[PDB]
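Protein chains in written order, with UniProt numbering: chain A, 4 to 636; chain B, 4 to 636.
2 protein chains.
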Amino acid sequence: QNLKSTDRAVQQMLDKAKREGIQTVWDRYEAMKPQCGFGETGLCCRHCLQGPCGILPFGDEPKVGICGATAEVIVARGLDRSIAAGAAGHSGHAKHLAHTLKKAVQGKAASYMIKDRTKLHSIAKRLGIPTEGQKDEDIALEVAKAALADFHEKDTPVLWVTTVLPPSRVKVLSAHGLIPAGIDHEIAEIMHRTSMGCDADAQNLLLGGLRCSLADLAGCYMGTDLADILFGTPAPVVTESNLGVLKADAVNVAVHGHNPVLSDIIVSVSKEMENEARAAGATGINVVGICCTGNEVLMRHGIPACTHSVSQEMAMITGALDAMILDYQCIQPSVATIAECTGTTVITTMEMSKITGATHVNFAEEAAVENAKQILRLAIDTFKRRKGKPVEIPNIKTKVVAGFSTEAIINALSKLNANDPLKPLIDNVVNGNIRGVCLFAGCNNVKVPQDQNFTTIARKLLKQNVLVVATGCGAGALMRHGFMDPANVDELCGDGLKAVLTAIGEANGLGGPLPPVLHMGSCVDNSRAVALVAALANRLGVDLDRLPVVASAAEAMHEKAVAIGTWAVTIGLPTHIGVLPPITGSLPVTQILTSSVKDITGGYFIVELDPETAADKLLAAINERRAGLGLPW
Amino acid sequence: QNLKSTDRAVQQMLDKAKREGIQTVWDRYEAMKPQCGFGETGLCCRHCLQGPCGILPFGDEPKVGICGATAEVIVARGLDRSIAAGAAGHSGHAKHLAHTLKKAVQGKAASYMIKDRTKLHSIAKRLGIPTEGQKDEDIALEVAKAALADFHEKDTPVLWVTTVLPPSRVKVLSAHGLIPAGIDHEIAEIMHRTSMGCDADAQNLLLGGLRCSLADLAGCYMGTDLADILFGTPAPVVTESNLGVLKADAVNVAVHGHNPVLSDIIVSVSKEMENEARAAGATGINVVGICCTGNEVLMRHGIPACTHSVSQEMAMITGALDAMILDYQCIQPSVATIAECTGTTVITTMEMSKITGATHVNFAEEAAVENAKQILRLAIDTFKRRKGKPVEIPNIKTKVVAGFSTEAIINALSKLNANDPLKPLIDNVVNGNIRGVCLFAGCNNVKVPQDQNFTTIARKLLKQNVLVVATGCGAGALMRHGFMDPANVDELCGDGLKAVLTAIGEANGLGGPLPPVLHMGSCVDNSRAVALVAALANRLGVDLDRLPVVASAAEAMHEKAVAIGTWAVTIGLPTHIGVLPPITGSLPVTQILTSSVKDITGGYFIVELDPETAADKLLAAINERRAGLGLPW
Ligand code: SF4
Ligand code: SF4
Ligand code: FES
Ligand code: FES
Ligand SMILES: [Fe+3]
Ligand SMILES: [Fe+3]
């Protein structure tokens, strides 16, 4: 089981699944091997009914697609389509929040409201929207109108790109025609250009991909901003993670997926439904989190995290999960089958995201609280059905400190310098206490033993004094292995990083250091690390491609992660990916994405499947940036 | 060579290619076999880095994707993505025309103008735009603003759907939530819902696909309307087709691709550049057409058609093609390689559609005429370089009567009944002279011997008195085998159809019948047959799914053809596809698309690879509609 996951509770549940004959993601992976080399390398195209076209990586024919598409064209077109799909996911998340805010301030969804008015004012000022003498409701109405308008062509380019990156960075990208014209415009234009008999030049295609990745960034940043306006900006919180956060004696309700719009309401309504759950004979309603929706309610409300990503099925294997409430993205459709063996009620709520065999509750913001009650009532019923059943929850959980938004980080730092809060952090970079900054992002991938790359690379970087922040299921992997527990700072962090974490935490009324890794939220909250990095850039006078900041999608799975890696490259970062992406069938494209892109954006991909090597390479990139600033290392 | 193409000039040029060692689409196809069964059946998914996932059509494992995606989910998601790519192509075509019209009437692109003011007024009235007391330039400005606005969410659904279908049809589609909210909105939402861990219900996914296909329809209809405003509505014209339209003694310039925006300017400017071409020693500039751009200038200006689709390379094999001017869509990137053997200058003109090895001319509407001169000058130079070279143009050409827009058809019919022009046509349906109507649409596919399905099915339907109309490369296939030559009416058409064609043509000052097949334009001008069918629906009081109208993508290749077949099904038509689409790996999805979709839209797919069988099935569907109206058959 140790080749499947490094998580001990996941191993316990894999044993139970094998005992009980429940098929798992790892079993389906085992039945899939050997996987196809054409697809694995990118050398396969189906954008034509003349296809499929396979191109051998090496040897004799076939050497070219039927229409004459070369290997680099096929590879570049495939990658471009996956960037557009990732952009479309983060896009739809943010679009739906934009509609929710619009509905809220127009009196149509009373379950929603402006919870963060300082943020609303910040965003409106950054966008050039006038605040002075305006009603909050009208400022928010303008901010939502701008959000929706960034999806199409207009007078201006995408404001959630051009107003969130330092002007020098915007000038670099715009001299290469990389500034998106509208989010959905870019997605559709990718789909156009990559269809048969269109763009057939790898450089041209990859430039389009960089532009589309920035559309994805805009969607992430939009979603973050709007969820913060709607639901509050995260501040540091203490909670727990892993399967042991489940309780045999409560109604256990997992919120799963990505959009917090419904699950924040679920969190707030379950509090009221406590008394009714307890009339059914439960101790209460125990809302836990899975994947990014879970991270949203962990960041804002301290909801404990049950599990993430490749291991989501294992929550159900305990027999104590009574409801799994989905919205969309990264939900294994297998849950709906597995529920028939475990008694969990799987509930979808989004019209475009349904799974055959799952109960559907048609969620509308205009009836949010009503929907919530209905859904939790189903959960309560399911708990009744397992009154006295034996459950096996592994008694494994870690302590998690999280809620480190960029605003929270800046406030924490301001306790060391109120008038120039980024300065303490910059000072410790300059004197070597902080070697650089590494963002861990992305998901788990069944091909990599779960969390192994995240934890190995993290361990090496922390010993070398790299400040580590994390999002999405990368945050999830690090939190389930103790990396967000301050009590591990001694074992994990080199002396200088230890000193800075201790200084900031003791200055923040915690009596202890900050945790070894700063949890910055969901996959859309990858934009938060942009806002931090951008701010450092601005405070220092230099473009992003000169900062000792790096990013690692250590176990990337989802098309969203490919779009995110591509916009970490486009805004200027060295960007490790720890899973093989479908680029190795073409040397020209690999060369562009790992080398010559440096001469356009300053970022570049680092493709490295071995995590010790990947950590060396990330440390080398950080130290190259240090030397470029004239710093020691 | 006869198993490759049924076109005699294509066979001559295949012989020359084999002689001279030039690789062709058919050779690359031969090197591709045996093709992959997973892709061919749809049972393959790469929307995850955990992939590729192959699912055996039959047998043991693998039976499910790694994430638990079933076979019908994988198949439905693949098909949905190809509908969105087709929609994105027709979408971008129409978007670019919308921007061109906007630029024209704002004084920014003087090479463009309102050429059809009657059409502009029609469109503005159909859209609810006010015409009375308005400047043309301001009406057109409103019409372009509405065009651009149909790409995103707004007060209203997509007007190029809801104002072009009969209200009963709009009510049917809207009771199923199939009315698109914005063209690019639908494309992005498909990309969202089909990415990993989202929609996992085949019915839900296929309903999304129908909605996206209607976005594609909107894009087609928009593109038609705007090109008609900008460039004139086609009226009947006489021209020629096939390779013999090339002339050894002229500068031979092929316009190739889909957007007429540049090639109409090329047509008009080459007239002036005649004298300069003839100073180089040519007889003149001979502009010929390939694929849909060619069909646009054939429809409007009588430009002769050289070739289409699977056989486009053969134009270059003559050695007499001096320039091939591309915009985008269905251009085999092989042209750019083959040009090095044939001396043709391949010129791309669109920023998102470049081919490695081709000269790029950056075309801007604001400098259209200038760009044209530059491009034709390159053509002229290339002609000089082959002064005295031997060329082999096959002396094979057919006579083509074309330009049968819906307006042209209605005018022609109005010579038999001025006050009720659809009535003569309806009368002859009712008395059996016209059995029904069949639209041939789509491309050629290297798997089908070129034009064989189009010509076989056409022959059978014409003998049974079916009125046949055609677009795109289906129009191309029928025109190159004589089906748009009135002199073949006797050999081709049954007695009643012959009588109606003779009556209309002799009433239209032609002294002969109309041609056996009505050429209605490009792939976007598939919308023209909608406008005709809709009008018949409205004139008769019945929904489209009650008319004896059918559609056949007899040799479909491009993702655009899949979107077109899907919106011919969604607006209510029996819709034959003559190439295997990637649906056979899932019986549920095949059942939905060929049977149970009848109970939603009234249309259905007819998948039939044998053309004699396909013609039987199309005749049976037409006669089923006849019986449903209570007619004889
Ligand atoms: S677009 Fe080209 S490479 Fe792709 S399937 Fe079609 S013929 Fe093959
Ligand atoms: S989305 Fe599912 S079926 Fe598709 S590649 Fe990923 S794991 Fe396999
Ligand atoms: S041949 Fe395996 S990915 Fe297509
Ligand atoms: S396995 Fe051949 S299409 Fe993927
Ligand atoms: Fe996840
Ligand atoms: Fe074509």
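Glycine included, every Cβ here is placed at the ideal spot set by N, Cα and C.
Query, Result
"For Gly445/B versus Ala564/B, is the C-beta spacing smaller than 8 Å?", "yes"
"Tell me whether residue 717/A, by its Cβ, gets closer than 7 Å to a heavy atom of ligand 5.", "No information on residue 717/A is available, as it lies outside the stretch 4 to 636 that chain A covers here."
"Hey, does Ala143/A have any beta-carbon neighbour from chain B nearer than 8 Å?", "no"
"Shorter than 7 Å, the distance from the beta carbon of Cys70/B to the closest heavy atom of ligand 3, or not?", "no"
"Work out the CA separation of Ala191/A and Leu324/B for me, nearest whole Å.", "34 Å"
"Can you tell which of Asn529/B, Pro424/B, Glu558/B, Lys66/B has its C-alpha closest to the C-alpha of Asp613/B?", "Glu558/B"
"Taking 8 Å as the CB-CB cut-off, is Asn456/B touching chain A?", "no"
"For the alpha helix (DSSP H) that contains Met35/A, what are its first and last residues?", "28 to 35"
"Output, in chain order, the set of chain A residues within a Cβ distance shorter than 7 Å of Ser356/B.", "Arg196, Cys201, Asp202"
"Rounded to a whole number of angstroms, what is the C-alpha to C-alpha distance between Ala537/A and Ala149/A?", "22 Å"
"Within the continuous alpha helix (DSSP H) that includes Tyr224/A, where are the two ends?", "205 to 234"
"How long is the line joining the alpha carbons of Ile268/B and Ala375/B, rounded to whole angstroms?", "7 Å"
"Out of curiosity, what's the CA-to-CA distance linking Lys21/A and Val394/A?", "16 Å"
"Given this structure, state the Cα-to-Cα distance separating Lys98/B from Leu208/A, to the nearest angstrom.", "20 Å"
"Which residues, in order along the region 341 to 355 of chain B, keep a beta-carbon less than 7 Å from a beta-carbon of chain A?", "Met355"
"Chain B partners of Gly54/A, CB-CB under 7 Å?", "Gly42"
"Quick one: which unbroken alpha helix (DSSP H) runs of 4-plus residues sit fully inside the region 444 to 481 of chain B? Chain order, please.", "455 to 466"
"Taking the DSSP output, what are the residues bridged to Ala326/B?", "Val256/B, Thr348/B"
"I want to verify the contact list: residues of chain B whose CB lies under 7 Å from the CB of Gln14/A, in sequence order.", "Under the 7 Å cutoff, chain B gives no residues; its nearest Cβ is about 19 Å from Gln14/A."
"Could you name the residues of the same chain whose beta carbon sits closer than 8 Å to that of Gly235/A, not counting the 5 residues immediately before and after it, in chain order?", "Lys118, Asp119, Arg303"
"What are the start and end residues of the beta strand (DSSP E) that includes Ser244/A?", "240 to 244"
"Give a yes or no on whether the minimum CB-CB distance between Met560/B and chain A is below 8 Å.", "yes"
"Let me check you understand the geometry: is the CB of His50/B closer than 7 Å to at least one non-hydrogen atom of ligand 2?", "yes"
"My guess is that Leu379/A and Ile288/A are in contact by the Cβ rule of under 8 Å, so how many angstroms apart are they, rounded?", "6 Å"
"When the Cα of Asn541/B is compared with those of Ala143/B, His259/B, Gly211/B, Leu168/B, which residue comes out closest?", "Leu168/B"
"Are the C-beta atoms of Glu192/A and some chain B residue less than 8 Å apart?", "yes"
"List, in order along the chain, the chain B residues whose C-beta lies closer than 7 Å to that of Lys450/A?", "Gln53"
"Of the residues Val503/B, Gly475/B, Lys66/B, which one's Cα is nearest the Cα of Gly524/B?", "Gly475/B"
"For a test of your reading of the model: does the CB of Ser312/A fall under 7 Å from any non-hydrogen atom of ligand 5? Yes or no.", "yes"
"Please confirm if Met35/A has its CB atom under 8 Å from at least one CB of chain B.", "yes"
"Does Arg196/B pass the burial test, meaning 16 or more other C-beta atoms within 10 Å, or should it be called exposed?", "buried"
"Would you call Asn278/B buried or exposed, if buried means 16 or more other Cβ atoms sit within 10 Å of its Cβ?", "exposed"
"With hydrogens ignored, establish whether the beta-carbon of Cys344/B is closer than 7 Å to any heavy atom of ligand 6.", "no"
"Excluding the 5 residues preceding and the 5 following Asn448/B in the sequence, name in chain order all residues of the same chain whose CB lies nearer than 6 Å to its CB.", "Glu558, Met560, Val582"
"Would you decide whether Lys357/A is buried or exposed? Buried here means 16 or more other CB atoms lie within 10 Å of its CB.", "buried"
"Under 7 Å Cβ-Cβ, which residues of chain A neighbour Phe154/B?", "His155"
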